[PDB]
Each structure stands twice: as C-alpha cells, then as structure tokens.
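Coordinate analysis (summary)
Here is how the chains run, residue by residue.
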Amino acid sequence: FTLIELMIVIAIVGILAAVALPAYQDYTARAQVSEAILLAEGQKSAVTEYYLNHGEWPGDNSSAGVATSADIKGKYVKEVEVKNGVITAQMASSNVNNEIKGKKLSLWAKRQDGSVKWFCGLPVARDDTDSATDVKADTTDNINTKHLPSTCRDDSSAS
Ligand SMILES: *[C@@H]1O[C@H](C)[C@@H](NC(=O)[C@H](O)CO)[C@H](O)[C@H]1NC(C)=O
Ligand SMILES: *OP(=O)(O)OC[C@H](O)CO
C-alpha cells in the first residue's frame with residue numbers, strides 16, 4: 001500500500017466515528033408510558049363495581065372509593081384522576097423523557113348487552129354520569145401516537 005490507502009482508512013474511521021442514530025427516544029418514551037398504563041389499569045375495579053351496584057358512573061375519586069389524584073404517584077406519573085368514568089394519567093415535568101413531558105392518556109369503558117369493553121388511547125371526556133352518554137375528545141396536553149403501543153391507540157369513535 002501507500003500513504004493514500006492510510007489516509008483513506010483514517011477518513012473511513014472518522015466517518016464511522018460520527019454516524020446518525022435512530023430514534024430510541026420513542027422506545028424509551030413507550031417504556032416509560034407503560035408504567036402509567038399499569039398504574040391506571042388498577043383503578044378499573046372500583047369504577048366497575050360502582051357502576052354495577054349504582055347504575056351510574058362515579059363522579060370523582062371520592063365517590064369511586066380511591067385516593068386523591070395527587071396521591072396516586074409513581075416514578076414517572078404525577079397524578080391519576082377519575083371524572084365521570086374516565087381514568088386520565090398525567091406525566092411529570094422533570095427527570096422524564098422530553099417527548100412525554102406533561103402529556104396525558106385516558107381509559108374508558110362502554111357497556112354492551114353481554115359484556116363490558118375497555119378502551120385505551122388519547123384523552124377523552126364525558127359530559128354527565130348517565131350510562132348511555134357517548135364520549136367526546138379532549139384537545140389539551142395530548143400525548144403523541146408514536147409514544148404508545150400499537151394496542152393502546154384507540155379513538156373516541158371506537159365502539
Ligand atoms: C358519587 O358519584 C356520584 C355520581 C355523585 N352524585 C352526583 O353527582 C349526583 O348527586 C348524582 O345525581 C356523588 O356526589 C358521589 N359521591 C361523593 C362525591 O361522595
Ligand atoms: O387528584 P385530584 O382529582 O384531586 O386533581 C388534582 C388536580 O390538581 C385537579 O385538577
């Protein structure tokens with residue numbers, strides 16, 4: 001070889017040293033959001049029991065029989081709230097991935113003639129406590145669909 005080959009080798013080493021990386025931030029965000037999903041999954045029992053025994057959805061945390069919103073906290077979850085039958089979880093503002101800072105996701109259920117189905121995805125709000133009221137969509141501090149698992153990507157019109 002000659003000096004040209006050595007210079008080419010050095011240039012190739014420099015090229016390999018600085019290369020672009022894929023978006024692992026989305027994967028880390030999904031891993032962190034899984035914790036909030038698990039935390040919100042544990043409040044289904046009280047809501048279901050209240051609906052079955054009273055015939056209408058619970059109004060707030062106190063009526064359902066769970067702790068206050070500011071007390072249901074985890075490593076990456078700030079608060080979990082129940083309002084008219086929907087469970088919304090809000091992330092924290094520090095020591096959390098930048099893409100899911102201050103975002104929310106919601107869980108809600110619909111009653112059928114022989115089963116009760118549960119949905120998970122973007123934030124959703126209900127108007128009153130009636131058992132047949134539909135669910136609208138909320139557009140305040142909404143999480144992005146790229147930070148959620150493929151299973152938890154439901155819409156407000158799902159039935
Ligand atoms: C239990 O949840 C109920 C929906 C709520 N009731 C009402 O808001 C209306 O009275 C329904 O006609 C209760 O206030 C809740 N109980 C509490 C907060 O202790
Ligand atoms: O936890 P809670 O349902 O009391 O709500 C906390 C929040 O500050 C009120 O929106």
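Preceding this section is the structure that the text describes.
The following refers to the structure shown. (Residues numbered from 1 in each chain as written, not as in the entry; some residues may be left out. Chains lettered and ligands numbered in written order. Heavy atoms only, no water. Residues with missing side-chain atoms left out of burial classes, pairs and counts.)

**Brief notes about helix α2 (residues 24-41)**
- Look at α2: 26 Å from first C-alpha to last across 18 residues, which is about the 26 Å you get at 1.5 Å a residue.
- Buried within α2 we find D26, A29, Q32, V33, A36, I37 and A40. Buried residues of α2, seen end-on, are gathered within an arc of 160 degrees and therefore sit on one face of the element. Seen from the open side of α2, the exposed residues pointing more than 90 degrees away from its buried face are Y27, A31 and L38.
- The inward-facing, buried residues of α2 contact β1 (77-83), β2 (86-91), β3 (104-111) and β4 (116-121). (Helix = DSSP H or I, 4+ residues; strand = E, 2+ residues; numbered from the N terminus. Expected span 1.5 Å × (residues − 1). Buried < 20%, exposed > 50% of the residue type's maximum accessible area, 1.4 Å probe, protein only. Arc of directions from axis to C-beta. Contact = heavy atoms within 4.5 Å.)

**A word on the site of ligand 2**
- In the region of ligand 2, the neighbouring residues are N61, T68, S69, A70, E79 and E81.
- The backbone of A70 places a nitrogen or oxygen atom 3.1 Å from an oxygen atom of ligand 2.
- Protein chains bury 46% of the 310 Å² of accessible surface belonging to ligand 2 in isolation.
- Among the residues forming the shell around ligand 2, the class breakdown is 1 nonpolar, 3 polar and 2 charged. (Near = heavy atom within 4 Å. Polar contact = N/O pair within 3.5 Å; in protein donor to acceptor, adjacent residues only side chain to side chain. Areas by Shrake-Rupley, 256 points an atom, 1.4 Å probe, with all protein chains shown as cover. Nonpolar A, V, L, I, M, F, W, Y, C, P; charged D, E, K, R; others polar.)

Spatial relationships are all this shows, so hold off on functional conclusions.
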